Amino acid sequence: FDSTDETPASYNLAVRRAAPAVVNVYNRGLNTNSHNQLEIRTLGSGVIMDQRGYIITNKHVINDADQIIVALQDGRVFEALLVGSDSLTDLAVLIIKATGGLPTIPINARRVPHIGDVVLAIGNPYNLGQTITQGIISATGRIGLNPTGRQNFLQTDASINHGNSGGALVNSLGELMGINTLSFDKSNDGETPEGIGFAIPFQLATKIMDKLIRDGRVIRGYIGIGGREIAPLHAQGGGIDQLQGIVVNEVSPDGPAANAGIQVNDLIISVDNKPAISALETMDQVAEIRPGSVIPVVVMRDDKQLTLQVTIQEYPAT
């Protein structure tokens, strides 16, 4: 009978701290039919990353824009400069030149996201203004730039929507956990799954932002090798006293490893002075190495250690 003095369970604190940094992003076209001007071709969410005015949204919200417009919850509207984008992650960065003072996403670089943590997925879009949803972290993501990985997304059961994808995934304190990404069949804002949605983990989103600001695109390194891990894996003892490694299957012809030269069954033990313990770790490592770089790769060949010297190239198209 006395609700009066009680307090409803709520996540409005996360909302108050994070939402003013989450922006409407508009993709405007100039028509060809009757004379021209101001058509909205699509609409999406973006997140203000720093003072200075860099913003992340989805590449799919900005593709083929003639002009990119940004509107804040406080009423200010800006025209945006496209800094660059990346297909594999569906992220783009924009920049805005502003008037004394922007609201920014809270970010805690020391926070470790845990499976089971509560998250809110904050956008705007639909009926009017804002869709916000609640769920949990289902699976932590990896932070790699390797173009074949399938585990570089945090997964959540918070609904991720067209009113969702360009925006912020945050925990109950309003700290950024990831960038919302509409979730896996193709062409601006509605999908097939249900249950599970995806975001770019925030330390990956930050990495990719710094890459775009500095090169205009995500430059990924490449070694030109396919292969599987030798010694049977896991069970933390069972045991220690034999060296792991990557047996080589495939050597891209006229790839960096082929040049150099490296042959099918010869067993990679070390790459750029790190032990080659896992196929997956090692291809993420190679991906961050700048092209033009010369690195040592140690192999065992006929019971002998060879050190070859390899010059990294860029991962090549599609």
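Note that residue numbering follows the sequence shown and begins at 1.
Higher average CA B factor: 96 to 104, of the stretches 96 to 104 and 131 to 139. As listed in the deposited structure, the average C-alpha B-factor of 232 to 240 and of 108 to 116 is greater for 232 to 240. Within the listed group 59, 35, 52, 28, the record reports its top CA B-factor for 35. The PDB entry gives the largest Cα B-factor of the residues 144, 123, 75, 193 to 193. For residue 248, the recorded CA B-factor ranks within the highest third of the chain. Only modelled residues enter the ranking. When the CA B factors of the chain's modelled residues are split into thirds, the value for residue 185 lands in the highest one. Among all modelled residues in this chain, the alpha-carbon of residue 207 has a temperature factor (C-alpha) in the lowest third. Sort the modelled residues of the chain by CA B factor and residue 47 lands in the lowest third. The PDB entry assigns residue 148 a C-alpha temperature factor belonging to the highest third of its chain's modelled residues.
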